[PDB]
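Both backbone and side-chain heavy atoms feed into the values below; hydrogens, waters and symmetry mates do not. Chain letters run A, B, ... following the sequence lines, proteins first and then strands; every chain starts at 1.
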Number of protein chains: 2
Amino acid sequence: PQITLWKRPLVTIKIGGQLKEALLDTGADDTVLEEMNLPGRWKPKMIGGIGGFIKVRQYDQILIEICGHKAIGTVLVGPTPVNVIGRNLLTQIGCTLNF
Amino acid sequence: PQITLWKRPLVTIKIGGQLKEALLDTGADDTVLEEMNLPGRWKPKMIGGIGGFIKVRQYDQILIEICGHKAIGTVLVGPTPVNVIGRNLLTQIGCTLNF
Ligand SMILES: CCOP(=O)(COc1ccc(C[C@H](NC(=O)O[C@H]2CO[C@H]3OCC[C@H]32)[C@H](O)CN(C[C@@H](C)CC)S(=O)(=O)c2ccc(N)cc2)cc1)OCC
């Protein structure tokens, strides 16, 4: 679709068989989701943002559907203020900025 | 133009008679720029993201030229790790997400 930016660009995602709401975030290199029970192996990792660094669980090769578009890649789980879809997955669904 | 997301969506902006580089960031509600000395009255504000909050100065009705496209709105200035153009100005230049 074409998504304007008057409101937050929130979309429904499906991950680990569960539906969630997430923000399409072109300023995020990586995808970060709030604490959740996700199937798969994981490794501790640190990710930094505007306020500093947080500890996350790094899951690799996770299936995630973003408004019906399938992606398979890295998902970080940790104390983010909001679920954010970063460029690592936005590229997989063919997302571009246009103006 | 059309901006793919393989790389950081960095562009040149002009603000207060200065050229700077900034990220087109659909995840930022408001535009936040590195410490800069801007004429005018301002309001203190706190903005939060991954890792917590930072303190910024809120300037209203600031003009910014983004790849030749003019926008006028709120600009937050403070010790941000990154310059971001947020939705408050991205809407003004007609920016959409497309996939
Ligand atoms: C020099 C580098 O230092 P740094 O690595 C951190 O640098 C950064 C810091 C922030 C960004 C931009 C933010 N992306 C982000 O958090 O992405 C994470 C995950 O993917 C990684 O890629 C980059 C960082 C990692 C996001 O787009 C926008 N944000 C809100 C989101 C979270 C939704 C609420 S907001 O910034 O909080 C923000 C809040 C209110 C307003 N009005 C304006 C902005 C990009 C690089 O060190 C740590 C001190």
Side-chain angles (χ1 to χ4, degrees), chain A residues 1-6 8-11 13 22-35 46-56 66-71 73 76-99, chain B residues 1-11 13 22-33 45-54 56 64-71 73 76 78-99:
Chain A
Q2 176 165 262
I3 304 182
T4 59
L5 298 169
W6 306 102
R8 284 195 176 193
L10 295 172
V11 299
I13 63 169
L23 185 61
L24 305 182
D25 190 348
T26 58
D29 299 342
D30 304 302
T31 294
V32 191
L33 309 179
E34 299 174 300
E35 182 76 359
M46 304 301 279
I47 190 86
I50 203 174
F53 281 88
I54 58 160
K55 292 166 66 174
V56 296
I66 298 149
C67 261
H69 287 71
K70 302 222 145 144
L76 313 181
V77 175
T80 180
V82 63
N83 297 325
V84 290
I85 306 304
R87 292 188 297 100
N88 74 305
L89 303 184
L90 294 174
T91 52
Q92 292 200 20
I93 69 177
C95 191
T96 57
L97 287 166
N98 298 268
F99 64 102
Chain B
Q2 178 172 106
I3 307 198
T4 54
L5 296 170
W6 295 116
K7 45 202 280 183
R8 267 181 206 219
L10 292 170
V11 299
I13 69 175
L23 215 47
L24 301 179
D25 190 352
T26 60
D29 293 338
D30 287 302
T31 293
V32 191
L33 300 180
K45 184 182 181 183
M46 292 276 274
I47 57 169
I50 284 162
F53 285 76
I54 60 159
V56 300
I64 299 192
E65 191 159 10
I66 302 148
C67 298
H69 292 73
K70 280 161 187 57
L76 313 177
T80 179
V82 282
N83 295 341
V84 292
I85 307 303
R87 293 186 297 103
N88 73 305
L89 300 185
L90 293 170
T91 53
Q92 295 192 29
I93 68 175
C95 190
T96 55
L97 283 163
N98 301 82
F99 62 95

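With a 4.5 Å cut-off on side-chain heavy atoms, A:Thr4 and B:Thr91 do not count as touching. Side-chain contact check for B:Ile50 versus A:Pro81: some heavy-atom pair is nearer than 4.5 Å.
Only the side chain of A:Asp29 comes within contact range of chain B, with heavy atoms under 4.5 Å apart. Both the backbone and the side chain of A:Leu24 come within contact range of chain B, each with at least one heavy atom under 4.5 Å from a heavy atom of that chain.
With values rounded to the nearest 0.5 angstrom, B:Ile3 atom CD1 is found 9.5 Å from A:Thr96 atom OG1. B:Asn98 CG to A:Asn98 CG: the interatomic distance, rounded to the nearest 0.5 Å, is 4.0 Å. Distance check: B:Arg8 CZ to A:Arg87 CZ gives 6.5 Å after rounding to the nearest 0.5 Å.
If you tally non-hydrogen atom pairs under 4.5 Å between each of A:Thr26, A:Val32, A:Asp25, A:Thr80 and chain B, the highest count goes to A:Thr26. Ranked by heavy-atom pairs under 4.5 Å with chain A, the list B:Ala28, B:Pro1, B:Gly52, B:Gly86 is led by B:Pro1.
The shortest heavy-atom contact between B:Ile93 and A:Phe99 is O-CB, 3.5 Å. Nearest approach of B:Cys95 to A:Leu97, heavy atoms of both residues: SG-CD2, 3.6 Å.
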